[PDB]
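Trainee: Input target_25.csv, format and content: CSV, C-alpha atoms.
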chain,number,residue,atom,x,y,z
A,13,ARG,CA,-50.2,35.7,-19.8
A,14,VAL,CA,-47.6,35.7,-22.6
A,15,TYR,CA,-45.0,33.0,-22.7
A,16,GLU,CA,-41.7,33.4,-24.6
A,17,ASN,CA,-41.0,29.7,-25.1
A,18,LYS,CA,-42.1,26.1,-24.6
A,19,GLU,CA,-40.0,25.6,-21.4
A,20,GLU,CA,-41.6,28.7,-19.7
A,21,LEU,CA,-45.2,27.3,-20.5
A,22,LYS,CA,-44.3,23.8,-19.3
A,23,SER,CA,-42.7,25.1,-16.1
A,24,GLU,CA,-45.8,27.2,-15.2
A,25,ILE,CA,-48.1,24.3,-15.9
A,26,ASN,CA,-46.0,22.0,-13.6
A,27,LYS,CA,-45.7,24.6,-10.8
A,28,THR,CA,-49.5,25.4,-10.7
A,29,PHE,CA,-50.5,21.8,-11.2
A,30,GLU,CA,-48.4,20.5,-8.3
A,31,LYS,CA,-49.8,23.2,-5.9
A,32,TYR,CA,-53.4,22.4,-7.1
A,33,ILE,CA,-53.2,18.6,-6.9
A,34,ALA,CA,-51.5,18.6,-3.5
A,35,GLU,CA,-54.6,20.3,-1.9
A,36,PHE,CA,-56.6,17.1,-2.4
A,37,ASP,CA,-54.2,14.9,-0.4
A,38,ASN,CA,-55.8,15.6,2.9
A,39,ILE,CA,-59.4,15.1,1.7
A,40,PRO,CA,-60.9,11.7,2.7
A,41,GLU,CA,-62.7,9.8,-0.1
A,42,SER,CA,-65.8,9.7,2.1
A,43,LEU,CA,-66.1,13.5,1.6
A,44,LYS,CA,-65.4,13.7,-2.1
A,45,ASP,CA,-69.0,14.4,-3.0
A,46,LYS,CA,-69.8,16.7,-0.1
A,47,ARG,CA,-71.3,20.1,-1.3
A,48,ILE,CA,-71.5,23.2,0.8
A,49,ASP,CA,-73.3,26.5,0.0
A,50,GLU,CA,-70.1,28.6,0.4
A,51,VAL,CA,-68.3,27.0,-2.6
A,52,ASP,CA,-69.7,25.9,-5.9
A,53,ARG,CA,-68.5,22.3,-6.6
A,54,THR,CA,-67.6,19.2,-4.7
A,55,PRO,CA,-64.0,18.1,-4.5
A,56,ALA,CA,-64.7,15.3,-7.0
A,57,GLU,CA,-66.5,17.8,-9.4
A,58,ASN,CA,-63.6,20.2,-9.0
A,59,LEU,CA,-61.1,17.6,-10.3
A,60,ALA,CA,-63.7,16.3,-12.9
A,61,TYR,CA,-63.8,19.7,-14.4
A,62,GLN,CA,-60.0,19.7,-15.1
A,63,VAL,CA,-60.1,16.1,-16.3
A,64,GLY,CA,-62.9,17.2,-18.7
A,65,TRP,CA,-61.3,20.2,-20.3
A,66,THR,CA,-57.8,18.7,-20.5
A,67,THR,CA,-59.2,15.5,-22.2
A,68,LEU,CA,-61.0,17.7,-24.7
A,69,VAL,CA,-58.0,19.9,-25.6
A,70,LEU,CA,-55.9,16.7,-26.1
A,71,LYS,CA,-58.7,15.2,-28.3
A,72,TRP,CA,-59.0,18.3,-30.5
A,73,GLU,CA,-55.3,18.2,-31.3
A,74,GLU,CA,-55.2,14.4,-31.8
A,75,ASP,CA,-58.3,14.4,-34.1
A,76,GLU,CA,-57.0,17.3,-36.1
A,77,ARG,CA,-53.7,15.5,-36.7
A,78,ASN,CA,-55.7,12.4,-37.5
A,79,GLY,CA,-57.4,14.4,-40.3
A,80,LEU,CA,-60.9,14.4,-38.6
A,81,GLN,CA,-63.3,17.3,-38.6
A,82,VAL,CA,-63.0,18.7,-35.0
A,83,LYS,CA,-66.3,20.2,-33.7
A,84,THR,CA,-65.5,22.2,-30.5
A,85,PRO,CA,-66.2,22.1,-27.7
A,86,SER,CA,-67.4,18.6,-28.5
A,87,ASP,CA,-69.7,16.8,-30.9
A,88,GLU,CA,-72.6,16.9,-28.5
A,89,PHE,CA,-72.3,20.4,-27.0
A,90,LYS,CA,-72.1,23.9,-28.5
A,91,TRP,CA,-70.2,27.0,-27.2
A,92,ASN,CA,-73.4,28.5,-25.7
A,93,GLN,CA,-74.0,25.2,-23.9
A,94,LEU,CA,-71.0,25.1,-21.6
A,95,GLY,CA,-73.2,24.6,-18.5
A,96,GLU,CA,-74.5,21.4,-19.9
A,97,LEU,CA,-71.0,20.3,-20.9
A,98,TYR,CA,-69.9,20.8,-17.3
A,99,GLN,CA,-72.8,18.6,-16.1
A,100,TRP,CA,-71.5,16.0,-18.6
A,101,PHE,CA,-68.0,16.3,-17.1
A,102,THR,CA,-69.5,15.7,-13.7
A,103,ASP,CA,-71.6,12.7,-15.0
A,104,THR,CA,-68.7,11.3,-16.8
A,105,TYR,CA,-65.9,11.6,-14.2
A,106,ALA,CA,-67.0,12.7,-10.8
A,107,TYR,CA,-68.2,9.3,-9.6
A,108,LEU,CA,-64.5,8.3,-9.6
A,109,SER,CA,-62.5,8.4,-6.4
A,110,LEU,CA,-60.2,11.4,-5.7
A,111,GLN,CA,-57.2,9.0,-6.1
A,112,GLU,CA,-58.5,7.9,-9.6
A,113,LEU,CA,-59.3,11.5,-10.7
A,114,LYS,CA,-55.8,12.7,-9.6
A,115,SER,CA,-54.2,9.8,-11.5
A,116,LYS,CA,-56.2,10.6,-14.7
A,117,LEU,CA,-55.5,14.3,-14.5
A,118,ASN,CA,-51.8,13.6,-14.0
A,119,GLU,CA,-51.8,11.4,-17.1
A,120,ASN,CA,-53.4,14.3,-19.1
A,121,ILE,CA,-50.9,16.8,-17.8
A,122,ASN,CA,-48.0,14.5,-18.9
A,123,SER,CA,-49.7,14.2,-22.3
A,124,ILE,CA,-50.0,18.0,-22.5
A,125,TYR,CA,-46.2,18.3,-22.1
A,126,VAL,CA,-45.9,15.9,-25.1
A,127,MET,CA,-48.4,17.9,-27.1
A,128,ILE,CA,-46.4,21.1,-26.4
A,129,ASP,CA,-43.1,19.5,-27.4
A,130,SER,CA,-44.7,18.1,-30.6
A,131,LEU,CA,-45.7,21.5,-31.8
A,132,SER,CA,-43.4,23.8,-33.7
A,133,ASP,CA,-42.9,27.2,-32.1
A,134,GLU,CA,-45.0,28.7,-34.8
A,135,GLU,CA,-47.9,26.2,-34.3
A,136,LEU,CA,-47.8,26.9,-30.6
A,137,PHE,CA,-47.4,30.7,-30.5
A,138,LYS,CA,-48.9,32.2,-33.7
A,139,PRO,CA,-52.5,32.5,-34.8
A,140,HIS,CA,-54.3,30.3,-37.4
A,141,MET,CA,-52.0,27.3,-37.0
A,142,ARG,CA,-54.8,24.9,-35.8
A,143,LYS,CA,-58.3,24.8,-37.2
A,144,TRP,CA,-59.6,23.7,-33.8
A,145,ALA,CA,-58.0,26.9,-32.2
A,146,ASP,CA,-59.7,29.1,-34.8
A,147,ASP,CA,-63.0,27.1,-34.2
A,148,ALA,CA,-63.0,27.3,-30.4
A,149,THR,CA,-63.0,31.1,-30.3
A,150,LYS,CA,-64.7,32.5,-33.4
A,151,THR,CA,-65.3,36.0,-31.9
A,152,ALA,CA,-61.6,36.5,-31.2
A,153,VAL,CA,-58.2,35.1,-32.3
A,154,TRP,CA,-56.4,32.8,-29.9
A,155,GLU,CA,-53.2,30.9,-30.3
A,156,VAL,CA,-52.8,27.3,-29.2
A,157,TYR,CA,-50.7,28.3,-26.1
A,158,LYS,CA,-53.5,30.5,-24.9
A,159,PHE,CA,-56.0,27.6,-24.9
A,160,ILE,CA,-53.4,25.5,-23.0
A,161,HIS,CA,-52.9,28.3,-20.4
A,162,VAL,CA,-56.7,28.9,-20.0
A,163,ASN,CA,-57.3,25.2,-19.4
A,164,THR,CA,-54.4,24.5,-17.1
A,165,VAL,CA,-52.5,27.3,-15.4
A,166,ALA,CA,-55.5,29.6,-14.9
A,167,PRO,CA,-58.0,27.1,-13.5
A,168,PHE,CA,-55.3,25.3,-11.5
A,169,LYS,CA,-55.1,28.7,-9.6
A,170,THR,CA,-58.7,29.5,-9.3
A,171,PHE,CA,-60.0,26.0,-8.5
A,172,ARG,CA,-57.2,25.7,-6.0
A,173,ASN,CA,-58.7,28.7,-4.2
A,174,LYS,CA,-62.1,27.0,-4.2
A,175,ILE,CA,-60.9,23.7,-2.7
A,176,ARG,CA,-58.9,25.6,0.0
A,177,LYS,CA,-62.1,27.5,0.9
A,178,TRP,CA,-64.0,24.2,1.0
A,179,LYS,CA,-61.4,22.5,3.2
A,180,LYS,CA,-61.4,25.3,5.8
A,181,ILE,CA,-65.2,24.9,6.2
A,182,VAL,CA,-65.5,21.1,6.0
A,183,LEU,CA,-62.5,19.3,7.4
Mind converting the file's structure to structure tokens?
Mentor:
Amino acid sequence: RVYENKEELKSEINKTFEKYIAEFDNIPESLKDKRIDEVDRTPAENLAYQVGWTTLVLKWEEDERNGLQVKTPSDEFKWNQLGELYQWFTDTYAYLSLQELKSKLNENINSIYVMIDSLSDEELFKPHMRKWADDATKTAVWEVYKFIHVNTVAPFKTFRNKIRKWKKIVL
């Protein structure tokens, strides 16, 4: 999706995040690690995936501003190693409760609003304004807002569909 301005991007993040996070309210902690064949991840893994990617995007931006060399997706994993990165997200966050994961994700979304407001329009909406954005997709050219959309709005919709499917079968 193309966004015309900062307020449009922030609004869509807020709208899709609120719908996504609300789906976890009715899931008891005792079932946060329950896997079924019909849906890929557990509820805790579903949240951990979002905490994982939002933490990384925020870190790329912070490190680049801090004058560090950003290796994307991370220092330990390459772009053809995402499956292993996802296992690392699960190992690193999924042992948390749903309440703790929701709180952490909410903090990252608030930080993403600050990240957006701290960028100039040019830095947010034009190519080649961040080294980490050029580094994260070397086959194509992606603007910062596109990385934000693809790591918030898009998965907040698709992973919402997963958790709803999971809830209909399990609860």
Trainee: Near residue A:61, within 8 Å and counting only C-alpha atoms, which residues show up once chain neighbours fewer than 5 positions away are dropped, as an NGL selection string?
Mentor: :A and (98 or 101-102)
Trainee: Near stretch 168-178 of chain A, counting only C-alpha atoms, which residues have an atom at most 7 Å away, once you skip same-chain residues fewer than 2 positions from it, shown as a PyMOL selection string?
Mentor: chain A and resi 28-29+32+51+55+58+164-166+180-182
Trainee: Pick from A:131, A:65, A:80, A:110: nearest to residue A:41, with all atoms listed in the file counted?
Mentor: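 Closest candidate: A:110.
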Trainee: Just checking: using all atoms listed in the file, which residue out of A:128, A:33, A:162, A:97 ends up closest to residue A:113?
Mentor: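 Using all atoms listed in the file, residue A:113 sits closest to A:33.
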Trainee: Skip residue A:100 itself and residues of its chain fewer than 6 positions away, then list as a VMD selection string all residues within 12 Å of it, counting all atoms listed in the file.
Mentor: chain A and resid 57 60 to 61 63 to 65 86 88 to 89 93 to 94 106 to 107
Trainee: Interatomic distance between atom CA of residue A:14 and atom CA of residue A:68?
Mentor: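 Answer for the atom CA of residue A:14 to atom CA of residue A:68 separation: 22.5 Å.
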Trainee: What is the distance, in Å and to one decimal place, between atom CA of residue A:104 and atom CA of residue A:118?
Mentor: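 Atom CA of residue A:118 lies 17.3 Å from atom CA of residue A:104.
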Trainee: So how many Å separate atom CA of residue A:124 and atom CA of residue A:179, to one decimal?
Mentor: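 According to the coordinates, atom CA of residue A:124 and atom CA of residue A:179 are separated by 28.5 Å.
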